[PDB]
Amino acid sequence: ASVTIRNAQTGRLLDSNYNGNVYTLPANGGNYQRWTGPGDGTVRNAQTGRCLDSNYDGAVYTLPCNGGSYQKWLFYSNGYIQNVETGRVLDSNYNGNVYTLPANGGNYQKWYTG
């Protein structure tokens, strides 16, 4: 019932912790790198239960699930993962920071989810 979310540019996996930090790390087989989608648009960490979330400033974090639009995501067939509220797309770098930015076509904004 859970998937990994892997960056097409870096190969690192979307990951998060109990404090709500979101980051990418190389694959390690743990459950903090796994995510569920229960059908309401949310992307929930398999380990912590918290929902992937972001703001207009481009911060990405996890928070307890609150039913708001900032916790809803749209997965495109081309690999973009877009915040429903802000319209910004999930992005990450070689350092492992995660953020959102306007879509720009680069592979840092493309993800393989499965």
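The numbering used is simple: start at 1 and walk along the sequence shown.
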| query | finding |
| --- | --- |
| Segment of higher mean CA temperature factor, 60 to 68 or 77 to 85 | 60 to 68 |
| Mean C-alpha temperature factor, higher of 95 to 103 and 21 to 29 | 21 to 29 |
| Chain thirds of CA B-factor: placement of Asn55 | lowest |
| Chain-wide C-alpha B factor ranking for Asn7, given as lowest, middle or highest third | middle |
